[PDB]
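Working notes, beginning with the structure itself.
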Amino acid sequence: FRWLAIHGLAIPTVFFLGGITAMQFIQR
Amino acid sequence: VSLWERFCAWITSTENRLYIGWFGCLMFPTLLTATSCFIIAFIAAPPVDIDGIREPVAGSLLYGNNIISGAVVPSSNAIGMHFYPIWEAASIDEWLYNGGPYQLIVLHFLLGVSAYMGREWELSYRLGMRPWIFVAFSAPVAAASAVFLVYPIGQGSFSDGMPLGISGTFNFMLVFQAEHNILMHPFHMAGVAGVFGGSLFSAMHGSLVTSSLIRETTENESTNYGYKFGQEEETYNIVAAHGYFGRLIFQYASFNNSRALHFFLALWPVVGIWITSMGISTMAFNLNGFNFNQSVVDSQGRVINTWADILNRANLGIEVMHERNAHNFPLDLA
Amino acid sequence: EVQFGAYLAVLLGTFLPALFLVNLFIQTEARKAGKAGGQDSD
Amino acid sequence: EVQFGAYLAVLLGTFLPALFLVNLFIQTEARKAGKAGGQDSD
Amino acid sequence: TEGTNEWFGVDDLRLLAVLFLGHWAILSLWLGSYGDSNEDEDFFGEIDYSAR
Amino acid sequence: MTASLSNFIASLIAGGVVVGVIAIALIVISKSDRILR
Amino acid sequence: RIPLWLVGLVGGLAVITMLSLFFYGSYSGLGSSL
Amino acid sequence: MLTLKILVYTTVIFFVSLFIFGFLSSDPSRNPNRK
Amino acid sequence: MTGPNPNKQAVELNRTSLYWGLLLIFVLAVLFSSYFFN
Amino acid sequence: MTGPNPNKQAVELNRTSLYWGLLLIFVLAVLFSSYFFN
Amino acid sequence: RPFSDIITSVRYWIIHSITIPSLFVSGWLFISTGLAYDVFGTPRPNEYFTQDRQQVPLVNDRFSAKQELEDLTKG
Amino acid sequence: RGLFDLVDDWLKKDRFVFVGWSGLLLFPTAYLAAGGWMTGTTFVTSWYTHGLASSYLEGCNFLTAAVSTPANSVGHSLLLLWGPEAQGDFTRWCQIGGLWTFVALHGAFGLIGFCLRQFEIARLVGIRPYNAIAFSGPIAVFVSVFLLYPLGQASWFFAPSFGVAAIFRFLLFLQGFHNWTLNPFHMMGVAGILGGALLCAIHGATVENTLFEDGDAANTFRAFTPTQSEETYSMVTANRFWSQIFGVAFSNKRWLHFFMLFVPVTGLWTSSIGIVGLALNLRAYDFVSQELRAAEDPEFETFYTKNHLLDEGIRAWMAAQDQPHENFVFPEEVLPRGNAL
Amino acid sequence: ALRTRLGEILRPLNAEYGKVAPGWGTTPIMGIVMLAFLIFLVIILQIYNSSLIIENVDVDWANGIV
Amino acid sequence: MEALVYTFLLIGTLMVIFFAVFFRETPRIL
Amino acid sequence: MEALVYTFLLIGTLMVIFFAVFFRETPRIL
Ligand code: CLA
Ligand code: CLA
Ligand SMILES: CC(C)=CCC/C(C)=C/CC/C(C)=C/CC/C(C)=C/CC/C(C)=C/CC/C(C)=C/CC/C(C)=C/CC/C(C)=C/CC/C(C)=C/CC1=CC(=O)C(C)=C(C)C1=O
Ligand SMILES: CC(C)=CCC/C(C)=C\CC/C(C)=C/CC/C(C)=C/CC/C(C)=C/CC/C(C)=C/CC/C(C)=C/CC/C(C)=C/CC/C(C)=C/CC1=CC(=O)C(C)=C(C)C1=O
Ligand SMILES: CCCCCCCCCCCCCCCC(=O)OC[C@H](COP(=O)(O)OC[C@@H](O)CO)OC(=O)CCCCCCCCCCCCCCC
Ligand SMILES: CC1=C(/C=C/C(C)=C/C=C/C(C)=C/C=C/C=C(C)/C=C/C=C(C)/C=C/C2=C(C)CCCC2(C)C)C(C)(C)CCC1
Ligand code: OEX
Ligand SMILES: [Fe+2]
């Protein structure tokens, strides 16, 4: 079943974008 | 019946060996003069004051060069942007000293290439073709006019123009890096993607046709002799190459339409070189690429280096060394 | 001290005329194999 | 000062492979004139 | 004298007689066929196929 | 028997189970998803 | 059933809220040279 | 040098006039469709 | 000797592939000459 | 063009006359080399 | 099943209306709780330089490189 | 029947993504080269190896982020996670620069596994394998730059880091120190890349401009069903066009599309031969007849000797910050400046 | 088809052509050798790379006996 | 003496360009 | 360097003597 094919690529991608939005608000 | 109608019938005849056309009336006299002056100026031409400091730079074969180092040198810094023909030079020796033949070759080149482009239109009209091969040729015409015409305009001198040679090209590219930072500019980025992508889809399309050829030869003769010229049968199973690439990546990423496929091969490079040639153009007027030097700092405020700071120290090495005698004042405004 | 244009005289005086005489023999045997009509004419 | 073995490199790098490719064309046209049977086969 | 603001680069008076006899020498060829035609004959096409 | 040699054989065992758990899972699923004749 | 153009609209403006958020933090926070 | 200069303006407006009066010579009608 | 070989074939080179191979050699001769003369 | 020339002939060189012409060139190359190198 | 028939279905957006915010916020909390600086050893903005070490830290040994990075990351 | 036949029939089943036998080498190794790059450019710094910042945690954007090469003290170690350098610790493995070899090694077995993918699909579809042979071009550029170039050099430090601006310094590092543009193998490679982009722009624009009328609509994209046997563009017309514009033209579709394979790929093979010759520092640096003359005659200047003075600026100015391991402390008075710059 | 005296001796070496062992044969014996030779190449590379340290084995220019 | 070789390579390259354009094997249908 | 050419001319001459004796076009009646 193809739920292992997409979500090996999409479950990381949303997790990293949760971090890239947090790094916009980090300052010195 | 008239003499003009019997001349228009010949000059627009497709029955000539090479179609001349009305653009060939100013393609052929221009490009043969750009040629016949280039061969002489590349082989036998005395050294040229390029920096305007009376330090003549040798560029021809008889003055001790080769194919790589020899080059038609751009005109002087003393002239700059002024039009400098032979009759406004008071001798040919004064013409060849100050960078004469660079303006004679380039101006007869850009007229002849912009007429070679319109000539590709004209024959498409007289042959019944849909017309737009000459729009695809606009992309190297945009790039030829960017380094020979537009960049000497915005920098105000033909001496910053591109030297007609091989080692002169890399003198042009490196000095353009230090003064304008082209690699960080997103239009050189959009045309590296144009020719890496262009050479990809070239060798990707050329392999899938050659993969799916139909048996028409024996194993002794050549593969290419299974195509008779002017035949009406299709020479490769296009369903086969669609099912291959439909499994090599996935199904929905494959063009089953061969017309939309052969359009995407013309879109991607040409759009990539239109955008790139308007990178040199917008950097001719000193709107440089990105500059991320000293962009990352700690909380104390000390500069933390990045890869752009290492790239900056390569640009500072070329900036402090290009035209090592021509400068007198702390900032290269030109 | 020898003349360095003599290497070009000898080694082209050998090869250029000797490679010429090879060509007149190869096309001679090709015409004979051309008319003969068997396995090599094509 | 140039290397005097470079004249032998270039002028044999031109002539020896370029005279080779001429030979494959002359025997190609001889086989075509060989099979054709008219005035040139012999 | 390069940076003079002179029309078409015509420095001397002699260069005019070159220009006028160039456009007119081909104009007179052109009028030998397309001249002396009816200037009052129209069409409702996009393109005219009238005559030679 | 060293630090480097003991850690390498452990990686060789770990390189066996990575091939292993891929292979064991692949045999079992190849039984269920067989093609009708 | 949802119309497909509504799906590409909401996800399409969601990307713009992601991209313009990234061009925001080029001028603020880390890597801004402030 | 003012003798060469005369020769160029002959050659330019010779071919420029062939260009200008080429497309005035009913040039859209020269197609393989009709005439 | 022995008998004639049944694996005799013929070699072909059309006029098209002559000009490719000539231009291939001269352009490689133009390119690599400057380095060989040093 | 015009028509095909009826004066087309063929050139021949047998295997015998190859070895004459090869040996002619090499022996002239042996003889005249010593003088050219001087 | 076709891909465009999936994302237009409601049952798809029932499941992924919980999983996407529960996974995007976990990517937020992975940064804001200061956890990513300790897994990957990336310096915080406070700790590029220290009070003692005022130069750029470099590794200068093949085999005790783990021990040297235990030195340069304590202070 | 057997156990091998059930596994062979399962992998080759028609499904969404074709797995095959080669997917066991591609899909694990390509997933970790790509994910190792996205992690290394986001989180892992270059503060200890190079003394830079190359992460998104450290303010770098898409352009100035990279997965960076390890230190020169590591030498050519493979930097295994269990190895003598990292010793099982993940955090000290990332700081030494262990992700870079993780990306490069699992990436090199992705390009092996992807080229085997192109032999396997061609055998099942039943076509000639020229995609797998044209893809050998890009294999020869990855291997001879990301692998064979730092092996000939001092360590992995002199390799291209996997980041956008980190490639850009590698372009500049290779001119000042190696004179890479003078090398005839790059010159035969630029002729294939700009020559390959040329051929698809022409063949794109000539097929699309000799199309037949197969419909009444103005859109010509609609008038092509894929399973038709009639050719969709007039080859006789396109030959007649270019025979009069350019003078010589293809009269063979089989030779044309093969020539669109040969030209881009050969530019990647000829340029790959030269970069192996720069692992050994066998560079085409100088024409000695130009250099002996410019030493004896202090008036003889070409464009070629102008490029050497541009390379002294690259060799002196960046090498202080390029190589912090070597500790170049240059005075201000040895750095070659020009007049008043 | 020319019998020579040296051809008569070597003839039983070429007389077989295309006889196979039916089935899978000695293929699983081969793979255990190939798995072993894969481990052998990994080990002698890591000795050479100094990424696998063996006691009283130092990869350096050693005093060969003179 | 050195530049004589470079000139011969250049005009020799322009010869085979001339013969390829005008003496080309003209392709024919049927 | 000079005598290398003389040796190549001599053994090259002895090659075409070898091929002329053993690979000769054997004359045949009828
Ligand atoms: C099939 C896919 C594949 C391939 C080809 C590789 C290949 C590689 N990986 Mg990688 N890796 C993979 C999947 C893969 N990986 C996966 C899925 C993960 C996630 C867990 C990792 C995680 C990973 C890490 C974290 C690291 C590597 C590293 C490496 C490199 C060196 C490994 C080594 O020396 O091998 C040693 C192993 C072998 C040679 C295996 C041989 C197996 C033999 C033939 C059989 C062993 C039998 C055994 C003796 C008995 C077992 C009994 C048991 C089964 C009951 C190498 C390029 C290292 C690296 O690149 O460093 C920079 C490294 O640090 N990999
Ligand atoms: C007109 C300008 C021009 C042109 C056309 C070229 C052309 C070329 N140069 Mg050159 N160069 C130039 C100017 C130019 N140069 C100048 C001025 C300099 C400065 C001195 C250089 C310095 C230079 C260097 C230093 C190098 C080149 C190289 C090359 C070659 C490109 C290699 C290539 O195709 O990479 C294409 C990339 C690959 C083939 C890698 C494989 C791609 C993989 C398969 C992609 C996989 C991605 C996958 C889908 C995952 C992505 C998803 C993930 C991101 C999430 C090519 C011959 C390189 C070379 O010679 O290499 C042999 C090289 O090392 N050049
Ligand atoms: C269970 C456990 C243990 C838990 C862990 C979880 C787990 C299992 C994770 C593993 C999951 C994992 C990572 C798997 C995912 C697999 C995966 C995708 C990995 C690869 C990684 C990766 C980075 C992939 C992305 C890269 C990729 C392949 C991009 C494709 C690029 C792309 C879309 C290109 C299209 C370009 C294009 C339009 C080409 C057509 C144009 C062209 C001229 C083609 C030529 C041509 C085309 C034709 O069409 C036809 C007709 C003809 C004639 C023809 O000439
Ligand atoms: C005379 C003087 C003074 C000269 C001095 C010049 C000087 C300064 C130096 C220049 C010296 C010089 C030339 C150096 C070059 C050195 C160098 C770069 C060497 C390259 C050597 C080489 C082995 C390169 C390897 C890579 C390689 C193979 C590249 C080949 C590139 C190349 C030849 C591409 C062909 C491009 C080409 C013109 C294709 C277009 C074809 C075209 C007419 C399409 C026709 C056509 C298209 C269709 O689509 C259809 C459908 C039909 C029907 C059809 O017909
Ligand atoms: C004023 C404008 C008038 C036009 C100017 C004429 C210049 C045209 C150049 C002639 C190309 C000749 C090469 C022969 C090549 C040859 O004769 O090929 C002939 C070949 C015809 O192939 P066919 O389809 O006949 O072949 C079918 C099979 O027989 C294959 O063997 O045509 C092409 O493929 C050429 C297309 C690429 C054209 C390559 C051109 C590369 C540019 C030139 C690079 C050299 C420049 C060096 C300067 C230093
Ligand atoms: C490292 C490592 C690892 C891991 C791995 C993995 C699992 C990973 C994955 C990862 C991944 C796989 C990642 C991903 C990422 C992604 C991203 C982050 C993306 C982004 C995107 C973007 C940003 C883009 C943008 C855009 C859009 C959205 C739309 C429009 C267009 C554009 C392009 C602009 C392990 C564990 C083995 C361990 C060892 C090491
Ligand atoms: O002339 Mn040619 O290079 Ca454009 O920047 Mn300013 O000017 Mn000169 O210096 Mn830098
Ligand atoms: Fe095509």
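Letters for chains follow the order of the structure tokens (A, B, ...), residue numbers begin at 1 for each chain, and ligand numbers begin at 1 in the order shown.
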* Would you mind listing what lies within 12 Å of residue I:20 as JSON, numbers by chain, with only C-alpha atoms counted and same-chain residues fewer than 2 positions away left out? => {"D": [18, 21, 22], "I": [13, 14, 15, 16, 17, 18, 22, 23, 24, 25, 26, 27], "L": [248, 259], "N": [13, 16, 17, 19, 20, 24]}
Please produce a file of the residues just selected, as a PDB file, in the first residue's frame, where the atoms kept are N, CA, C and O atoms.
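Dumped everything to part-v8.pdb:
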ATOM      1  N   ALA D  18      43.715  11.999 -40.428  1.00  0.00           N
ATOM      2  CA  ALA D  18      42.852  12.570 -41.457  1.00  0.00           C
ATOM      3  C   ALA D  18      43.040  11.855 -42.778  1.00  0.00           C
ATOM      4  O   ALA D  18      42.088  11.711 -43.550  1.00  0.00           O
ATOM      5  N   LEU D  21      40.805   8.736 -42.602  1.00  0.00           N
ATOM      6  CA  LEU D  21      39.376   8.875 -42.849  1.00  0.00           C
ATOM      7  C   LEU D  21      39.082   9.106 -44.313  1.00  0.00           C
ATOM      8  O   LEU D  21      37.956   8.890 -44.763  1.00  0.00           O
ATOM      9  N   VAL D  22      40.071   9.573 -45.069  1.00  0.00           N
ATOM     10  CA  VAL D  22      39.902   9.692 -46.512  1.00  0.00           C
ATOM     11  C   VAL D  22      39.842   8.313 -47.153  1.00  0.00           C
ATOM     12  O   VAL D  22      39.068   8.085 -48.089  1.00  0.00           O
TER      13      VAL D  22
ATOM     14  N   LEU I  13      31.810   4.249 -45.314  1.00  0.00           N
ATOM     15  CA  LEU I  13      31.891   5.591 -44.747  1.00  0.00           C
ATOM     16  C   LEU I  13      31.318   6.531 -45.797  1.00  0.00           C
ATOM     17  O   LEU I  13      31.960   6.758 -46.824  1.00  0.00           O
ATOM     18  N   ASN I  14      30.124   7.062 -45.562  1.00  0.00           N
ATOM     19  CA  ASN I  14      29.503   7.953 -46.526  1.00  0.00           C
ATOM     20  C   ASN I  14      30.170   9.328 -46.500  1.00  0.00           C
ATOM     21  O   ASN I  14      31.050   9.602 -45.682  1.00  0.00           O
ATOM     22  N   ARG I  15      29.751  10.201 -47.422  1.00  0.00           N
ATOM     23  CA  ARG I  15      30.356  11.526 -47.537  1.00  0.00           C
ATOM     24  C   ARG I  15      30.026  12.399 -46.334  1.00  0.00           C
ATOM     25  O   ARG I  15      30.821  13.271 -45.967  1.00  0.00           O
ATOM     26  N   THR I  16      28.869  12.171 -45.714  1.00  0.00           N
ATOM     27  CA  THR I  16      28.512  12.866 -44.485  1.00  0.00           C
ATOM     28  C   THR I  16      29.518  12.596 -43.378  1.00  0.00           C
ATOM     29  O   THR I  16      30.067  13.530 -42.792  1.00  0.00           O
ATOM     30  N   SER I  17      29.826  11.325 -43.128  1.00  0.00           N
ATOM     31  CA  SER I  17      30.644  10.990 -41.973  1.00  0.00           C
ATOM     32  C   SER I  17      32.114  11.268 -42.229  1.00  0.00           C
ATOM     33  O   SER I  17      32.931  11.201 -41.309  1.00  0.00           O
ATOM     34  N   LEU I  18      32.475  11.555 -43.474  1.00  0.00           N
ATOM     35  CA  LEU I  18      33.816  12.047 -43.748  1.00  0.00           C
ATOM     36  C   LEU I  18      34.022  13.428 -43.159  1.00  0.00           C
ATOM     37  O   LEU I  18      35.054  13.694 -42.537  1.00  0.00           O
ATOM     38  N   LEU I  22      36.739  14.593 -40.389  1.00  0.00           N
ATOM     39  CA  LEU I  22      37.775  15.570 -40.707  1.00  0.00           C
ATOM     40  C   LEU I  22      37.722  16.737 -39.746  1.00  0.00           C
ATOM     41  O   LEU I  22      38.738  17.110 -39.153  1.00  0.00           O
ATOM     42  N   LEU I  23      36.535  17.312 -39.562  1.00  0.00           N
ATOM     43  CA  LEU I  23      36.369  18.454 -38.673  1.00  0.00           C
ATOM     44  C   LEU I  23      36.660  18.084 -37.226  1.00  0.00           C
ATOM     45  O   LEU I  23      37.123  18.924 -36.450  1.00  0.00           O
ATOM     46  N   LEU I  24      36.418  16.828 -36.854  1.00  0.00           N
ATOM     47  CA  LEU I  24      36.768  16.366 -35.516  1.00  0.00           C
ATOM     48  C   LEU I  24      38.266  16.417 -35.290  1.00  0.00           C
ATOM     49  O   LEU I  24      38.724  16.814 -34.218  1.00  0.00           O
ATOM     50  N   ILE I  25      39.048  16.064 -36.300  1.00  0.00           N
ATOM     51  CA  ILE I  25      40.491  16.024 -36.127  1.00  0.00           C
ATOM     52  C   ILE I  25      41.088  17.419 -36.165  1.00  0.00           C
ATOM     53  O   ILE I  25      41.971  17.741 -35.366  1.00  0.00           O
ATOM     54  N   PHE I  26      40.607  18.282 -37.060  1.00  0.00           N
ATOM     55  CA  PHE I  26      41.177  19.621 -37.142  1.00  0.00           C
ATOM     56  C   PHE I  26      40.827  20.477 -35.935  1.00  0.00           C
ATOM     57  O   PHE I  26      41.656  21.273 -35.494  1.00  0.00           O
ATOM     58  N   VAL I  27      39.630  20.316 -35.374  1.00  0.00           N
ATOM     59  CA  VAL I  27      39.264  21.106 -34.203  1.00  0.00           C
ATOM     60  C   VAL I  27      40.006  20.612 -32.965  1.00  0.00           C
ATOM     61  O   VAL I  27      40.458  21.411 -32.139  1.00  0.00           O
TER      62      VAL I  27
ATOM     63  N   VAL L 248      23.933  23.246 -44.324  1.00  0.00           N
ATOM     64  CA  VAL L 248      23.983  21.802 -44.184  1.00  0.00           C
ATOM     65  C   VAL L 248      22.996  21.405 -43.094  1.00  0.00           C
ATOM     66  O   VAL L 248      22.734  22.166 -42.160  1.00  0.00           O
ATOM     67  N   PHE L 259      22.518  12.080 -32.434  1.00  0.00           N
ATOM     68  CA  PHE L 259      23.479  13.164 -32.296  1.00  0.00           C
ATOM     69  C   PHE L 259      23.114  14.064 -31.129  1.00  0.00           C
ATOM     70  O   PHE L 259      23.976  14.736 -30.561  1.00  0.00           O
TER      71      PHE L 259
ATOM     72  N   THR N  13      40.836  24.330 -41.481  1.00  0.00           N
ATOM     73  CA  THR N  13      39.519  24.037 -40.931  1.00  0.00           C
ATOM     74  C   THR N  13      38.434  24.695 -41.767  1.00  0.00           C
ATOM     75  O   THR N  13      37.351  24.131 -41.951  1.00  0.00           O
ATOM     76  N   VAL N  16      37.363  22.546 -45.024  1.00  0.00           N
ATOM     77  CA  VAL N  16      36.434  21.428 -44.914  1.00  0.00           C
ATOM     78  C   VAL N  16      35.033  21.922 -44.552  1.00  0.00           C
ATOM     79  O   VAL N  16      34.039  21.223 -44.757  1.00  0.00           O
ATOM     80  N   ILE N  17      34.928  23.152 -44.050  1.00  0.00           N
ATOM     81  CA  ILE N  17      33.624  23.788 -43.911  1.00  0.00           C
ATOM     82  C   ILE N  17      33.081  24.178 -45.277  1.00  0.00           C
ATOM     83  O   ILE N  17      31.880  24.062 -45.539  1.00  0.00           O
ATOM     84  N   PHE N  19      33.774  22.671 -48.195  1.00  0.00           N
ATOM     85  CA  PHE N  19      33.405  21.491 -48.964  1.00  0.00           C
ATOM     86  C   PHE N  19      32.167  20.821 -48.396  1.00  0.00           C
ATOM     87  O   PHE N  19      31.461  20.102 -49.106  1.00  0.00           O
ATOM     88  N   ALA N  20      31.878  21.042 -47.120  1.00  0.00           N
ATOM     89  CA  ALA N  20      30.736  20.376 -46.512  1.00  0.00           C
ATOM     90  C   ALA N  20      29.444  21.081 -46.871  1.00  0.00           C
ATOM     91  O   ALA N  20      28.366  20.485 -46.843  1.00  0.00           O
ATOM     92  N   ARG N  24      27.978  18.881 -50.518  1.00  0.00           N
ATOM     93  CA  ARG N  24      27.321  17.955 -49.617  1.00  0.00           C
ATOM     94  C   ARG N  24      26.612  16.874 -50.410  1.00  0.00           C
ATOM     95  O   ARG N  24      26.219  17.080 -51.559  1.00  0.00           O
TER      96      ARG N  24
END
* Asked: What residues have any atom no more than 8 Å from ligand 2 when counting only C-alpha atoms and all ligand atoms, and can you list them as an MDAnalysis selection string?
  -> (chainID B and resid 170 173:174 192 195:196) or (chainID L and resid 30 34:35 37:38 111 137:142 144:145 170:176 179:181 185:194 267:275)
* Who sits within 12 Å of stretch 13-24 of chain A, only C-alpha atoms, same chain under 2 positions skipped, as a PyMOL selection string -> (chain A and resi 6-11+26-28) or (chain G and resi 15+17-32) or (chain K and resi 16+19-36+44) or (chain L and resi 35+38-39+41-43+55-62)
* Residues flagged alpha helix (DSSP H) by DSSP in chain M, as number ranges by chain -> M: 5-14, 27-48
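Taking only C-alpha atoms, the non-local environment of stretch 4-21 of chain F within 8 Å (same-chain residues fewer than 2 positions away omitted) comprises residues 1, 2, 23, 24 and 25 of chain F; 82, 83 and 84 of chain L; 51, 52, 53 and 54 of chain M.
Where the distance criterion is 8 Å and the atoms used are only C-alpha atoms and all ligand atoms, the residues close to ligand 7 are residues 50, 51, 77, 155, 157, 159, 160, 161, 175, 176, 179, 319, 322, 323, 326, 327, 332, 333 and 334 of chain B.
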Can I have chain C aligned to chain D? Use a least-squares fit on all Cα atoms paired in order and write it out as an mmCIF file with C-alpha atoms, in the first residue's frame.
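out.cif was written with the following content:
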data_model
loop_
_atom_site.group_PDB
_atom_site.id
_atom_site.type_symbol
_atom_site.label_atom_id
_atom_site.label_comp_id
_atom_site.auth_asym_id
_atom_site.auth_seq_id
_atom_site.Cartn_x
_atom_site.Cartn_y
_atom_site.Cartn_z
ATOM 1 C CA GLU C 1 61.453 28.556 -26.920
ATOM 2 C CA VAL C 2 58.988 25.891 -28.039
ATOM 3 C CA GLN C 3 59.235 22.124 -27.943
ATOM 4 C CA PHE C 4 60.452 20.771 -31.264
ATOM 5 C CA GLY C 5 58.603 17.504 -30.781
ATOM 6 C CA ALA C 6 55.321 19.371 -30.975
ATOM 7 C CA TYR C 7 55.608 19.875 -34.728
ATOM 8 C CA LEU C 8 55.709 16.103 -35.021
ATOM 9 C CA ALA C 9 52.782 15.834 -32.625
ATOM 10 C CA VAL C 10 50.519 18.264 -34.446
ATOM 11 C CA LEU C 11 51.389 17.602 -38.090
ATOM 12 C CA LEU C 12 51.124 13.856 -37.600
ATOM 13 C CA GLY C 13 48.113 14.359 -35.356
ATOM 14 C CA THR C 14 46.531 16.108 -38.302
ATOM 15 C CA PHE C 15 47.696 14.112 -41.277
ATOM 16 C CA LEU C 16 47.849 10.473 -40.132
ATOM 17 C CA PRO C 17 44.269 10.290 -38.769
ATOM 18 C CA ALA C 18 42.852 12.569 -41.456
ATOM 19 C CA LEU C 19 44.436 10.559 -44.245
ATOM 20 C CA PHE C 20 42.919 7.522 -42.572
ATOM 21 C CA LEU C 21 39.375 8.875 -42.849
ATOM 22 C CA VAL C 22 39.903 9.692 -46.512
ATOM 23 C CA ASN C 23 40.707 6.034 -47.221
ATOM 24 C CA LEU C 24 37.493 4.745 -45.748
ATOM 25 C CA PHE C 25 35.628 7.118 -48.042
ATOM 26 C CA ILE C 26 37.513 6.242 -51.221
ATOM 27 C CA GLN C 27 36.968 2.516 -50.786
ATOM 28 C CA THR C 28 33.326 3.240 -49.964
ATOM 29 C CA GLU C 29 32.840 4.958 -53.311
ATOM 30 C CA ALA C 30 34.839 2.245 -55.055
ATOM 31 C CA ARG C 31 32.507 -0.478 -53.769
ATOM 32 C CA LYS C 32 29.532 1.545 -54.932
ATOM 33 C CA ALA C 33 31.202 1.999 -58.309
ATOM 34 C CA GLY C 34 32.231 -1.636 -58.185
ATOM 35 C CA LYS C 35 28.730 -3.063 -57.946
ATOM 36 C CA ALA C 36 27.177 -0.532 -60.365
ATOM 37 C CA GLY C 37 28.792 -2.230 -63.337
ATOM 38 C CA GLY C 38 29.115 0.757 -65.639
ATOM 39 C CA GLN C 39 32.300 2.341 -67.046
ATOM 40 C CA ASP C 40 34.137 2.331 -63.699
ATOM 41 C CA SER C 41 33.930 -1.163 -62.236
ATOM 42 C CA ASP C 42 36.650 -3.025 -64.207
#
Contact residues (chain J, partner chain D, 12 Å, only C-alpha atoms) as a PDB file with N, CA and C atoms, in the first residue's frame:
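Writing the result to part-v5.pdb gives the following:
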ATOM      1  N   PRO J   4      26.356  13.348 -66.730  1.00  0.00           N
ATOM      2  CA  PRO J   4      27.520  12.586 -66.258  1.00  0.00           C
ATOM      3  C   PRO J   4      28.582  12.483 -67.342  1.00  0.00           C
ATOM      4  N   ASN J   5      29.834  12.584 -66.928  1.00  0.00           N
ATOM      5  CA  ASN J   5      30.936  12.582 -67.873  1.00  0.00           C
ATOM      6  C   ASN J   5      31.152  11.169 -68.401  1.00  0.00           C
ATOM      7  N   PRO J   6      31.170  10.961 -69.717  1.00  0.00           N
ATOM      8  CA  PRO J   6      31.545   9.648 -70.254  1.00  0.00           C
ATOM      9  C   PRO J   6      33.031   9.337 -70.182  1.00  0.00           C
ATOM     10  N   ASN J   7      33.847  10.255 -69.683  1.00  0.00           N
ATOM     11  CA  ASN J   7      35.266  10.022 -69.494  1.00  0.00           C
ATOM     12  C   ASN J   7      35.609   9.581 -68.083  1.00  0.00           C
ATOM     13  N   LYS J   8      34.650   9.062 -67.330  1.00  0.00           N
ATOM     14  CA  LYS J   8      34.977   8.462 -66.048  1.00  0.00           C
ATOM     15  C   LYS J   8      35.696   7.150 -66.276  1.00  0.00           C
ATOM     16  N   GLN J   9      36.835   6.988 -65.629  1.00  0.00           N
ATOM     17  CA  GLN J   9      37.553   5.734 -65.634  1.00  0.00           C
ATOM     18  C   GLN J   9      37.805   5.308 -64.203  1.00  0.00           C
ATOM     19  N   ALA J  10      38.513   4.201 -64.060  1.00  0.00           N
ATOM     20  CA  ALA J  10      38.862   3.678 -62.759  1.00  0.00           C
ATOM     21  C   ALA J  10      40.370   3.585 -62.636  1.00  0.00           C
ATOM     22  N   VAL J  11      40.851   3.723 -61.417  1.00  0.00           N
ATOM     23  CA  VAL J  11      42.271   3.686 -61.129  1.00  0.00           C
ATOM     24  C   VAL J  11      42.587   2.334 -60.518  1.00  0.00           C
ATOM     25  N   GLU J  12      43.698   1.747 -60.933  1.00  0.00           N
ATOM     26  CA  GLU J  12      44.102   0.456 -60.422  1.00  0.00           C
ATOM     27  C   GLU J  12      45.518   0.528 -59.875  1.00  0.00           C
TER      28      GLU J  12
END
* When the cut-off is 8 Å and we count only C-alpha atoms, which residues of chain L are near chain K, given as a PyMOL selection string? -> chain L and resi 43-45+47-51+57+71+73-75+84-87+90-92+94-96+325
* To do: Please indicate the distance in Å from atom 40 (C, counted along the ligand's line) of ligand 1 to atom CA of residue L:26, rounded to one decimal place.
  => 16.1 Å
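Our summary of the geometry notes that atom CA of residue E:34 is positioned 16.0 Å from atom CA of residue E:47.
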